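For reference, structure-v4.cif is printed below; it contains mmCIF, C-alpha atoms and all ligand atoms; chains and numbers go by the auth columns.
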```
data_final
loop_
_atom_site.group_PDB
_atom_site.id
_atom_site.type_symbol
_atom_site.label_atom_id
_atom_site.label_comp_id
_atom_site.label_asym_id
_atom_site.label_seq_id
_atom_site.Cartn_x
_atom_site.Cartn_y
_atom_site.Cartn_z
_atom_site.B_iso_or_equiv
_atom_site.auth_seq_id
_atom_site.auth_asym_id
ATOM 1 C CA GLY A 1 0.000 0.000 0.000 0.00 3 A
ATOM 2 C CA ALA A 2 0.970 3.635 0.101 0.00 4 A
ATOM 3 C CA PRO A 3 3.094 3.339 3.318 0.00 5 A
ATOM 4 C CA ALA A 4 5.113 0.476 1.855 0.00 6 A
ATOM 5 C CA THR A 5 5.569 2.407 -1.375 0.00 7 A
ATOM 6 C CA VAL A 6 6.948 5.557 0.252 0.00 8 A
ATOM 7 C CA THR A 7 9.183 3.378 2.470 0.00 9 A
ATOM 8 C CA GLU A 8 10.617 1.574 -0.553 0.00 10 A
ATOM 9 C CA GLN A 9 10.425 4.350 -3.173 0.00 11 A
ATOM 10 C CA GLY A 10 10.619 7.690 -1.284 0.00 12 A
ATOM 11 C CA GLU A 11 13.306 10.338 -1.400 0.00 13 A
ATOM 12 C CA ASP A 12 15.280 11.416 1.675 0.00 14 A
ATOM 13 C CA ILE A 13 14.507 15.116 2.344 0.00 15 A
ATOM 14 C CA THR A 14 16.526 15.449 5.564 0.00 16 A
ATOM 15 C CA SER A 15 19.521 17.767 5.960 0.00 17 A
ATOM 16 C CA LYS A 16 21.418 14.944 7.699 0.00 18 A
ATOM 17 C CA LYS A 17 20.712 12.393 4.910 0.00 19 A
ATOM 18 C CA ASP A 18 19.782 9.810 7.543 0.00 20 A
ATOM 19 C CA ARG A 19 16.574 8.660 5.779 0.00 21 A
ATOM 20 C CA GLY A 20 14.500 9.839 8.700 0.00 22 A
ATOM 21 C CA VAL A 21 11.923 11.560 6.441 0.00 23 A
ATOM 22 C CA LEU A 22 11.089 10.133 3.017 0.00 24 A
ATOM 23 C CA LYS A 23 8.796 11.832 0.506 0.00 25 A
ATOM 24 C CA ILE A 24 6.857 11.093 -2.676 0.00 26 A
ATOM 25 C CA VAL A 25 5.075 13.881 -4.545 0.00 27 A
ATOM 26 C CA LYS A 26 1.611 12.569 -5.465 0.00 28 A
ATOM 27 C CA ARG A 27 0.207 15.729 -7.099 0.00 29 A
ATOM 28 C CA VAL A 28 2.489 18.512 -8.400 0.00 30 A
ATOM 29 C CA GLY A 29 1.539 21.898 -7.042 0.00 31 A
ATOM 30 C CA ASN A 30 1.704 25.398 -8.427 0.00 32 A
ATOM 31 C CA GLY A 31 4.881 27.058 -9.663 0.00 33 A
ATOM 32 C CA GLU A 32 8.141 26.936 -7.724 0.00 34 A
ATOM 33 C CA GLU A 33 7.468 28.724 -4.429 0.00 35 A
ATOM 34 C CA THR A 34 7.382 26.874 -1.104 0.00 36 A
ATOM 35 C CA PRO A 35 6.333 28.452 2.229 0.00 37 A
ATOM 36 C CA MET A 36 8.852 30.293 4.385 0.00 38 A
ATOM 37 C CA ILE A 37 9.520 30.207 8.079 0.00 39 A
ATOM 38 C CA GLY A 38 6.679 31.815 10.003 0.00 40 A
ATOM 39 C CA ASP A 39 4.100 31.454 7.309 0.00 41 A
ATOM 40 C CA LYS A 40 0.605 30.458 8.329 0.00 42 A
ATOM 41 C CA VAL A 41 0.195 27.143 6.566 0.00 43 A
ATOM 42 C CA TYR A 42 -3.150 25.438 5.950 0.00 44 A
ATOM 43 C CA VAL A 43 -3.004 21.727 5.276 0.00 45 A
ATOM 44 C CA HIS A 44 -5.263 18.707 5.075 0.00 46 A
ATOM 45 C CA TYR A 45 -3.819 15.381 6.153 0.00 47 A
ATOM 46 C CA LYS A 46 -4.351 11.777 7.095 0.00 48 A
ATOM 47 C CA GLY A 47 -1.971 9.893 9.398 0.00 49 A
ATOM 48 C CA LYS A 48 -1.458 6.133 9.789 0.00 50 A
ATOM 49 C CA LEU A 49 0.533 4.003 12.195 0.00 51 A
ATOM 50 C CA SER A 50 2.642 1.037 11.120 0.00 52 A
ATOM 51 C CA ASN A 51 -0.101 -1.298 12.347 0.00 53 A
ATOM 52 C CA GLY A 52 -2.396 0.031 9.632 0.00 54 A
ATOM 53 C CA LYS A 53 -4.548 2.201 11.944 0.00 55 A
ATOM 54 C CA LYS A 54 -5.645 5.619 10.697 0.00 56 A
ATOM 55 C CA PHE A 55 -4.898 7.609 13.853 0.00 57 A
ATOM 56 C CA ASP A 56 -5.979 11.065 12.651 0.00 58 A
ATOM 57 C CA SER A 57 -7.431 12.999 9.737 0.00 59 A
ATOM 58 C CA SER A 58 -8.244 16.672 9.250 0.00 60 A
ATOM 59 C CA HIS A 59 -10.624 15.759 6.441 0.00 61 A
ATOM 60 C CA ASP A 60 -12.783 13.910 8.958 0.00 62 A
ATOM 61 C CA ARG A 61 -13.052 17.159 10.979 0.00 63 A
ATOM 62 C CA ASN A 62 -14.102 19.263 7.964 0.00 64 A
ATOM 63 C CA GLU A 63 -11.409 21.869 8.692 0.00 65 A
ATOM 64 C CA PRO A 64 -7.726 22.220 7.786 0.00 66 A
ATOM 65 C CA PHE A 65 -4.885 22.091 10.287 0.00 67 A
ATOM 66 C CA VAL A 66 -3.140 25.423 10.623 0.00 68 A
ATOM 67 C CA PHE A 67 0.306 26.097 11.997 0.00 69 A
ATOM 68 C CA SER A 68 3.190 28.493 11.741 0.00 70 A
ATOM 69 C CA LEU A 69 5.933 26.857 9.672 0.00 71 A
ATOM 70 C CA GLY A 70 9.347 26.213 11.234 0.00 72 A
ATOM 71 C CA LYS A 71 8.449 27.310 14.760 0.00 73 A
ATOM 72 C CA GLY A 72 8.390 23.819 16.392 0.00 74 A
ATOM 73 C CA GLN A 73 4.585 23.834 16.731 0.00 75 A
ATOM 74 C CA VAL A 74 4.604 20.385 15.059 0.00 76 A
ATOM 75 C CA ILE A 75 6.889 17.336 14.834 0.00 77 A
ATOM 76 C CA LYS A 76 10.197 17.991 13.150 0.00 78 A
ATOM 77 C CA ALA A 77 9.252 16.012 10.014 0.00 79 A
ATOM 78 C CA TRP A 78 6.270 18.311 9.406 0.00 80 A
ATOM 79 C CA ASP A 79 8.355 21.435 9.672 0.00 81 A
ATOM 80 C CA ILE A 80 10.849 19.833 7.243 0.00 82 A
ATOM 81 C CA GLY A 81 8.308 18.211 4.943 0.00 83 A
ATOM 82 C CA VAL A 82 5.758 21.007 4.546 0.00 84 A
ATOM 83 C CA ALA A 83 8.634 23.378 3.813 0.00 85 A
ATOM 84 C CA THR A 84 9.309 21.384 0.660 0.00 86 A
ATOM 85 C CA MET A 85 5.746 21.596 -0.734 0.00 87 A
ATOM 86 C CA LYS A 86 4.201 23.920 -3.309 0.00 88 A
ATOM 87 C CA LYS A 87 0.688 25.303 -3.014 0.00 89 A
ATOM 88 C CA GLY A 88 -1.757 22.628 -4.160 0.00 90 A
ATOM 89 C CA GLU A 89 0.785 19.794 -3.785 0.00 91 A
ATOM 90 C CA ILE A 90 -0.201 16.465 -2.295 0.00 92 A
ATOM 91 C CA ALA A 91 2.679 14.413 -0.861 0.00 93 A
ATOM 92 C CA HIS A 92 3.297 11.282 1.155 0.00 94 A
ATOM 93 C CA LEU A 93 5.750 11.315 4.052 0.00 95 A
ATOM 94 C CA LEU A 94 7.272 8.325 5.854 0.00 96 A
ATOM 95 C CA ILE A 95 8.714 9.448 9.145 0.00 97 A
ATOM 96 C CA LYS A 96 11.017 7.590 11.530 0.00 98 A
ATOM 97 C CA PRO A 97 10.444 8.209 15.238 0.00 99 A
ATOM 98 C CA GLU A 98 13.482 10.460 15.589 0.00 100 A
ATOM 99 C CA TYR A 99 11.636 13.065 13.473 0.00 101 A
ATOM 100 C CA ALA A 100 8.277 12.458 15.218 0.00 102 A
ATOM 101 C CA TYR A 101 7.476 11.311 18.847 0.00 103 A
ATOM 102 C CA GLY A 102 10.555 9.154 19.526 0.00 104 A
ATOM 103 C CA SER A 103 10.673 6.658 22.368 0.00 105 A
ATOM 104 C CA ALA A 104 8.133 8.734 24.343 0.00 106 A
ATOM 105 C CA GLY A 105 5.266 8.364 21.917 0.00 107 A
ATOM 106 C CA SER A 106 2.278 10.567 22.616 0.00 108 A
ATOM 107 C CA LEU A 107 -0.525 9.130 24.706 0.00 109 A
ATOM 108 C CA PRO A 108 -3.024 7.891 23.903 0.00 110 A
ATOM 109 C CA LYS A 109 -2.692 7.636 20.114 0.00 111 A
ATOM 110 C CA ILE A 110 0.978 7.281 19.254 0.00 112 A
ATOM 111 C CA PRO A 111 3.020 4.257 20.561 0.00 113 A
ATOM 112 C CA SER A 112 6.700 4.353 21.498 0.00 114 A
ATOM 113 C CA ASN A 113 9.144 4.093 18.600 0.00 115 A
ATOM 114 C CA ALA A 114 6.440 4.724 15.999 0.00 116 A
ATOM 115 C CA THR A 115 7.156 5.223 12.329 0.00 117 A
ATOM 116 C CA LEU A 116 4.404 7.441 10.899 0.00 118 A
ATOM 117 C CA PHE A 117 2.837 7.760 7.468 0.00 119 A
ATOM 118 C CA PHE A 118 1.072 10.915 6.271 0.00 120 A
ATOM 119 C CA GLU A 119 -0.716 12.077 3.197 0.00 121 A
ATOM 120 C CA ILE A 120 -0.563 15.890 3.224 0.00 122 A
ATOM 121 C CA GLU A 121 -2.119 18.500 0.976 0.00 123 A
ATOM 122 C CA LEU A 122 -0.792 22.066 1.161 0.00 124 A
ATOM 123 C CA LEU A 123 -3.862 24.277 0.746 0.00 125 A
ATOM 124 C CA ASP A 124 -2.385 27.709 1.242 0.00 126 A
ATOM 125 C CA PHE A 125 0.424 29.606 2.881 0.00 127 A
ATOM 126 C CA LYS A 126 0.516 33.246 3.888 0.00 128 A
ATOM 127 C CA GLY A 127 2.145 35.845 6.039 0.00 129 A
ATOM 128 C CA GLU A 128 5.640 36.117 7.448 0.00 130 A
HETATM 129 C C1 LIG B . -3.843 17.859 15.274 0.00 201 B
HETATM 130 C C2 LIG B . -2.629 17.910 16.080 0.00 201 B
HETATM 131 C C3 LIG B . -1.200 17.854 15.524 0.00 201 B
HETATM 132 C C4 LIG B . -0.389 17.437 16.725 0.00 201 B
HETATM 133 N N1 LIG B . 1.034 17.727 16.565 0.00 201 B
HETATM 134 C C5 LIG B . 1.641 18.706 17.557 0.00 201 B
HETATM 135 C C6 LIG B . 1.511 18.228 18.890 0.00 201 B
HETATM 136 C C7 LIG B . 1.176 19.084 19.920 0.00 201 B
HETATM 137 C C8 LIG B . 1.078 18.592 21.192 0.00 201 B
HETATM 138 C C9 LIG B . 1.313 17.265 21.493 0.00 201 B
HETATM 139 C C10 LIG B . 1.652 16.430 20.447 0.00 201 B
HETATM 140 N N2 LIG B . 1.761 16.938 19.151 0.00 201 B
HETATM 141 C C11 LIG B . 1.778 17.300 15.496 0.00 201 B
HETATM 142 O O1 LIG B . 2.955 17.699 15.429 0.00 201 B
HETATM 143 C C12 LIG B . 1.355 16.386 14.444 0.00 201 B
HETATM 144 C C13 LIG B . 1.531 16.952 13.061 0.00 201 B
HETATM 145 C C14 LIG B . 0.488 18.059 12.906 0.00 201 B
HETATM 146 C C15 LIG B . -0.940 17.472 13.002 0.00 201 B
HETATM 147 C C16 LIG B . -1.101 16.823 14.350 0.00 201 B
HETATM 148 N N3 LIG B . -0.031 15.850 14.641 0.00 201 B
HETATM 149 S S1 LIG B . -0.371 14.244 14.355 0.00 201 B
HETATM 150 N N4 LIG B . -1.372 13.990 13.237 0.00 201 B
HETATM 151 O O2 LIG B . 0.899 13.602 14.332 0.00 201 B
HETATM 152 C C17 LIG B . -1.226 13.718 15.852 0.00 201 B
HETATM 153 C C18 LIG B . -2.570 13.436 15.816 0.00 201 B
HETATM 154 C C19 LIG B . -3.180 13.038 17.005 0.00 201 B
HETATM 155 CL CL1 LIG B . -4.835 12.589 17.012 0.00 201 B
HETATM 156 C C20 LIG B . -2.442 12.952 18.186 0.00 201 B
HETATM 157 C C21 LIG B . -1.084 13.265 18.208 0.00 201 B
HETATM 158 CL CL2 LIG B . -0.131 13.164 19.618 0.00 201 B
HETATM 159 C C22 LIG B . -0.452 13.636 17.010 0.00 201 B
#
```
Represent the supplied structure as structure tokens.
Amino acid sequence: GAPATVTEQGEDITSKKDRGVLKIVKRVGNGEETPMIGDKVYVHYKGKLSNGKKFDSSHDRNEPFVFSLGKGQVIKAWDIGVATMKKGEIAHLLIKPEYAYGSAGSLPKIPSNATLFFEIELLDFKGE
């Protein structure tokens, strides 16, 4: 399925080149610009655990998730990954725990040592 495919066929987008965050672009977005640090980013997403469980989805809430890019409001992989996306892009990310919730996990939904899969759509970015 899609998690296996990004694991086996994704590109390493980390600065360290440690394969901690792999990406596939599913739908090419608009032009060349990506958001900058501090921008208000609007995304839709779905997240899955390695046991197959969908653990979260913004689509199911009928509202995007909004955050300020690069300010540590989200897991490291999101700050890294969303920064690579163009407006309108849809991407898959495969994230090792070191770029997510690590050995702690995040109770109740995220186990210890969890590799995470996301599908993310960048709706809009604005501001700083
Ligand atoms: C909807 C909440 C976000 C939670 N966070 C930030 C955060 C804040 C506080 C505690 C744990 N994580 C995050 O960094 C990431 C990425 C942005 C979307 C979503 N998560 S998430 N989908 O991984 C998620 C979803 C859910 Cl239901 C629980 C957790 Cl602990 C994490």
Point (8.3, 5.2, 2.4), cut-off 12 Å, counting all atoms listed in the file, residues as an MDAnalysis selection string | chainID A and resid 3:15 21:27 52 93:98 117:121
Sort by chain and increasing residue number a table of all residues of chain A within 9 Å of ligand LIG 201 (chain B), each with its closest pair of atoms and their distance in Å to one decimal, counting only C-alpha atoms and all ligand atoms, and write it as JSON lines.
```
{"residue": "A:47", "atom": "CA", "partner": "B:LIG201", "partner_atom": "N4", "distance": 7.6}
{"residue": "A:48", "atom": "CA", "partner": "B:LIG201", "partner_atom": "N4", "distance": 7.2}
{"residue": "A:49", "atom": "CA", "partner": "B:LIG201", "partner_atom": "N4", "distance": 5.6}
{"residue": "A:50", "atom": "CA", "partner": "B:LIG201", "partner_atom": "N4", "distance": 8.6}
{"residue": "A:57", "atom": "CA", "partner": "B:LIG201", "partner_atom": "CL1", "distance": 5.9}
{"residue": "A:58", "atom": "CA", "partner": "B:LIG201", "partner_atom": "CL1", "distance": 4.8}
{"residue": "A:59", "atom": "CA", "partner": "B:LIG201", "partner_atom": "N4", "distance": 7.1}
{"residue": "A:60", "atom": "CA", "partner": "B:LIG201", "partner_atom": "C1", "distance": 7.6}
{"residue": "A:67", "atom": "CA", "partner": "B:LIG201", "partner_atom": "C1", "distance": 6.6}
{"residue": "A:68", "atom": "CA", "partner": "B:LIG201", "partner_atom": "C14", "distance": 8.5}
{"residue": "A:69", "atom": "CA", "partner": "B:LIG201", "partner_atom": "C14", "distance": 8.1}
{"residue": "A:74", "atom": "CA", "partner": "B:LIG201", "partner_atom": "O1", "distance": 8.2}
{"residue": "A:75", "atom": "CA", "partner": "B:LIG201", "partner_atom": "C5", "distance": 6.0}
{"residue": "A:76", "atom": "CA", "partner": "B:LIG201", "partner_atom": "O1", "distance": 3.2}
{"residue": "A:77", "atom": "CA", "partner": "B:LIG201", "partner_atom": "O1", "distance": 4.0}
{"residue": "A:78", "atom": "CA", "partner": "B:LIG201", "partner_atom": "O1", "distance": 7.6}
{"residue": "A:79", "atom": "CA", "partner": "B:LIG201", "partner_atom": "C13", "distance": 8.4}
{"residue": "A:80", "atom": "CA", "partner": "B:LIG201", "partner_atom": "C13", "distance": 6.1}
{"residue": "A:81", "atom": "CA", "partner": "B:LIG201", "partner_atom": "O1", "distance": 8.7}
{"residue": "A:102", "atom": "CA", "partner": "B:LIG201", "partner_atom": "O1", "distance": 7.5}
{"residue": "A:103", "atom": "CA", "partner": "B:LIG201", "partner_atom": "CL2", "distance": 7.9}
{"residue": "A:107", "atom": "CA", "partner": "B:LIG201", "partner_atom": "CL2", "distance": 7.6}
{"residue": "A:108", "atom": "CA", "partner": "B:LIG201", "partner_atom": "CL2", "distance": 4.6}
{"residue": "A:109", "atom": "CA", "partner": "B:LIG201", "partner_atom": "CL2", "distance": 6.5}
{"residue": "A:110", "atom": "CA", "partner": "B:LIG201", "partner_atom": "CL2", "distance": 7.4}
{"residue": "A:111", "atom": "CA", "partner": "B:LIG201", "partner_atom": "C20", "distance": 5.7}
{"residue": "A:112", "atom": "CA", "partner": "B:LIG201", "partner_atom": "CL2", "distance": 6.0}
{"residue": "A:118", "atom": "CA", "partner": "B:LIG201", "partner_atom": "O2", "distance": 7.9}
{"residue": "A:120", "atom": "CA", "partner": "B:LIG201", "partner_atom": "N4", "distance": 8.0}
```
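Here the question is which of A:71, A:124, A:106, A:87 gets nearest to residue 39 (chain A) using all atoms listed in the file, and that residue is A:71.
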Selection dump of the PyMOL selection byres (((chain A and resi 125) around 7) and not hetatm), as a PyMOL selection string | chain A and resi 44-45+89-90+123-124+126
Take the residues from that selection and put them in a file with C-alpha atoms, as an mmCIF file, in the coordinates of the input.
```cif
data_model
loop_
_atom_site.group_PDB
_atom_site.id
_atom_site.type_symbol
_atom_site.label_atom_id
_atom_site.label_comp_id
_atom_site.auth_asym_id
_atom_site.auth_seq_id
_atom_site.Cartn_x
_atom_site.Cartn_y
_atom_site.Cartn_z
ATOM 1 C CA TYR A 44 -3.150 25.438 5.950
ATOM 2 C CA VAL A 45 -3.004 21.727 5.276
ATOM 3 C CA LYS A 89 0.688 25.303 -3.014
ATOM 4 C CA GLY A 90 -1.757 22.628 -4.160
ATOM 5 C CA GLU A 123 -2.119 18.500 0.976
ATOM 6 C CA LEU A 124 -0.792 22.066 1.161
ATOM 7 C CA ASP A 126 -2.385 27.709 1.242
#
```
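What separates CA of residue 66 (chain A) from CA of residue 101 (chain A) is a distance of 22.2 Å.
Nearest residue to residue 130 (chain A) among A:73, A:17, A:51, A:61 is A:73, counting all atoms listed in the file.
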Using only C-alpha atoms: which of A:36, A:72, A:62, A:82 has the shortest distance to residue 18 (chain A) | A:82
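In terms of minimum interatomic distance to residue 28 (chain A), A:92 ranks closest within A:92, A:115, A:105, A:99, counting all atoms listed in the file.
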Expressed in Å to a single decimal, how great is the separation between CA of residue 30 (chain A) and CA of residue 127 (chain A)?
-> 16.0 Å
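Across the model, the gap from CA of residue 33 (chain A) to CA of residue 83 (chain A) is 17.4 Å.
Using only C-alpha atoms, the nearest neighbour of residue 31 (chain A) within the list A:88, A:122, A:113, A:104 is A:88.
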Pick out the closest residue to residue 35 (chain A) from this set: A:128, A:19, A:55, A:64. Count only C-alpha atoms.
-> A:128
Complete region 89-124 of chain A at the level of N, CA and C atoms, written as a tab-separated table (two decimals), in the coordinates of the input.
```
chain	number	residue	atom	x	y	z
A	89	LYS	N	2.13	25.18	-3.21
A	89	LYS	CA	0.69	25.30	-3.01
A	89	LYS	C	-0.03	24.33	-3.95
A	90	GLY	N	-1.00	23.61	-3.39
A	90	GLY	CA	-1.76	22.63	-4.16
A	90	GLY	C	-1.11	21.24	-4.22
A	91	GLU	N	0.12	21.09	-3.73
A	91	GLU	CA	0.78	19.79	-3.78
A	91	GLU	C	0.11	18.85	-2.81
A	92	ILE	N	0.09	17.57	-3.20
A	92	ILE	CA	-0.20	16.46	-2.30
A	92	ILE	C	1.05	15.57	-2.25
A	93	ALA	N	1.48	15.25	-1.05
A	93	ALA	CA	2.68	14.41	-0.86
A	93	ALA	C	2.41	13.35	0.19
A	94	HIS	N	3.22	12.30	0.13
A	94	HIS	CA	3.30	11.28	1.16
A	94	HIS	C	4.63	11.44	1.88
A	95	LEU	N	4.56	11.32	3.20
A	95	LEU	CA	5.75	11.32	4.05
A	95	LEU	C	5.80	10.02	4.86
A	96	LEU	N	7.01	9.47	5.01
A	96	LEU	CA	7.27	8.32	5.85
A	96	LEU	C	8.34	8.76	6.83
A	97	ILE	N	7.97	8.75	8.11
A	97	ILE	CA	8.71	9.45	9.14
A	97	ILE	C	9.17	8.49	10.23
A	98	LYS	N	10.50	8.41	10.44
A	98	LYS	CA	11.02	7.59	11.53
A	98	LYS	C	10.83	8.32	12.86
A	99	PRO	N	10.82	7.59	13.99
A	99	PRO	CA	10.44	8.21	15.24
A	99	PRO	C	11.32	9.38	15.65
A	100	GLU	N	12.58	9.38	15.22
A	100	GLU	CA	13.48	10.46	15.59
A	100	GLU	C	13.02	11.83	15.06
A	101	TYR	N	12.17	11.83	14.03
A	101	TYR	CA	11.64	13.06	13.47
A	101	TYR	C	10.14	13.23	13.81
A	102	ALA	N	9.67	12.44	14.77
A	102	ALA	CA	8.28	12.46	15.22
A	102	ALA	C	8.26	12.42	16.76
A	103	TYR	N	7.68	11.38	17.39
A	103	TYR	CA	7.48	11.31	18.85
A	103	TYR	C	8.44	10.36	19.57
A	104	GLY	N	9.43	9.80	18.87
A	104	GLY	CA	10.56	9.15	19.53
A	104	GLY	C	10.10	8.03	20.40
A	105	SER	N	10.95	7.70	21.39
A	105	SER	CA	10.67	6.66	22.37
A	105	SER	C	9.53	7.05	23.32
A	106	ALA	N	9.20	8.33	23.46
A	106	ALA	CA	8.13	8.73	24.34
A	106	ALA	C	6.78	8.30	23.81
A	107	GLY	N	6.59	8.42	22.50
A	107	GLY	CA	5.27	8.36	21.92
A	107	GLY	C	4.42	9.55	22.36
A	108	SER	N	3.11	9.45	22.21
A	108	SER	CA	2.28	10.57	22.62
A	108	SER	C	0.92	9.99	22.93
A	109	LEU	N	0.63	9.86	24.23
A	109	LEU	CA	-0.52	9.13	24.71
A	109	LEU	C	-1.78	9.95	24.48
A	110	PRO	N	-2.92	9.34	24.09
A	110	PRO	CA	-3.02	7.89	23.90
A	110	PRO	C	-2.68	7.31	22.52
A	111	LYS	N	-2.55	8.13	21.48
A	111	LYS	CA	-2.69	7.64	20.11
A	111	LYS	C	-1.40	7.07	19.52
A	112	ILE	N	-0.27	7.59	19.95
A	112	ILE	CA	0.98	7.28	19.25
A	112	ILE	C	1.83	6.38	20.14
A	113	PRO	N	2.18	5.14	19.74
A	113	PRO	CA	3.02	4.26	20.56
A	113	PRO	C	4.46	4.77	20.62
A	114	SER	N	5.26	4.15	21.48
A	114	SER	CA	6.70	4.35	21.50
A	114	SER	C	7.36	3.85	20.21
A	115	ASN	N	8.32	4.57	19.70
A	115	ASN	CA	9.14	4.09	18.60
A	115	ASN	C	8.34	3.94	17.31
A	116	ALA	N	7.38	4.86	17.09
A	116	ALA	CA	6.44	4.72	16.00
A	116	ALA	C	6.97	5.41	14.74
A	117	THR	N	7.01	4.67	13.67
A	117	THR	CA	7.16	5.22	12.33
A	117	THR	C	5.78	5.62	11.83
A	118	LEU	N	5.68	6.86	11.31
A	118	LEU	CA	4.40	7.44	10.90
A	118	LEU	C	4.34	7.64	9.38
A	119	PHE	N	3.13	7.45	8.85
A	119	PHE	CA	2.84	7.76	7.47
A	119	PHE	C	1.84	8.90	7.41
A	120	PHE	N	2.06	9.88	6.54
A	120	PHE	CA	1.07	10.92	6.27
A	120	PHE	C	0.87	11.09	4.78
A	121	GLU	N	-0.38	11.40	4.44
A	121	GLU	CA	-0.72	12.08	3.20
A	121	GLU	C	-1.05	13.51	3.57
A	122	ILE	N	-0.41	14.49	2.91
A	122	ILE	CA	-0.56	15.89	3.22
A	122	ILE	C	-0.84	16.66	1.95
A	123	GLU	N	-1.79	17.58	2.05
A	123	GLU	CA	-2.12	18.50	0.98
A	123	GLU	C	-1.89	19.92	1.49
A	124	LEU	N	-1.02	20.67	0.80
A	124	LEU	CA	-0.79	22.07	1.16
A	124	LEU	C	-1.83	22.94	0.48
```
